[PDB]
């Protein structure tokens, strides 16, 4: 055309940070379940969400990975499981990826472009719905930060429904107790490696499989890990860990154990 320029809003991945994060995460990415969602936001942000039985898991890439040309970019959530490609996020963890951007060309779909040395491809996936808003905009009733050394001790101790783990929190003094069904309890009291910010005398029960998976997911950061028991409405357990590149968050509901039908 001859007037003034115009390119559709474009959400681009910055390769060096993104490639660093997707390698660190390549364990989690290949294991992503068939119903996993990818969301692109003009914030900018990129969110992987997996909704399970009693667990919602979320992986948020932060701005350091993203460049957005134009903030009128409309939000898009697509299925990670893609009709011919399969695991889309896995595709992006290829080593010879050179360009990776998303364009807002239709309100109905999302145009993904990817490049490699002497090759380029694009596809569009239908936008799914949505809006699958499930966020931690609610503050904790008990909040505990665990040094990573503690995360590994927990993992190592849970080895190994197919079981539940009880979590007990004391207030005076503060302590946190992990109670398996077999009569073994693992406890942490105040010390340089576990910080109790807010705390009250309470207990919830979660599924052991999910909590273990949850802990594995946070441990990719090899950084501290945040444990919250939100008492909003649904009794909730929040486990999360983050670095400069991304944030692993997990929302586990208590297994209904208080009467009961």
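Positions refer to the first chain, counted from 1.
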{"property": "Other entries omitting residue 130, at least a third", "result": "no"}
{"property": "Residue 149 dropped from a third or more of the other entries of this protein", "result": "no"}
{"property": "Unresolved deposited residues in the interval that joins residue 160 and residue 161", "result": "10 or more"}
{"property": "Higher-B stretch (mean Cα B-factor, as the entry records it), 249 to 257 or 16 to 24", "result": "249 to 257"}
{"property": "Of 196 to 204 and 28 to 36, the one with larger mean CA B-factor", "result": "196 to 204"}
{"property": "Residue of maximum C-alpha B factor among 156, 111, 135, 99, per deposited coordinates", "result": "135"}
{"property": "Highest recorded Cα temperature factor - choice among 214, 53, 226, 60", "result": "53"}
{"property": "Position of residue 235 among the chain's modelled residues by C-alpha B-factor, lowest, middle or highest third", "result": "highest"}
{"property": "Chain-wide C-alpha B factor ranking for residue 128, given as lowest, middle or highest third", "result": "highest"}
{"property": "Residue 173 CA temperature factor, ranked by third within the chain", "result": "highest"}
{"property": "Entry-reported Cα temperature factor of residue 81, expressed as the chain third it lands in", "result": "middle"}
{"property": "Lowest, middle or highest third - CA B-factor, residue 93", "result": "lowest"}
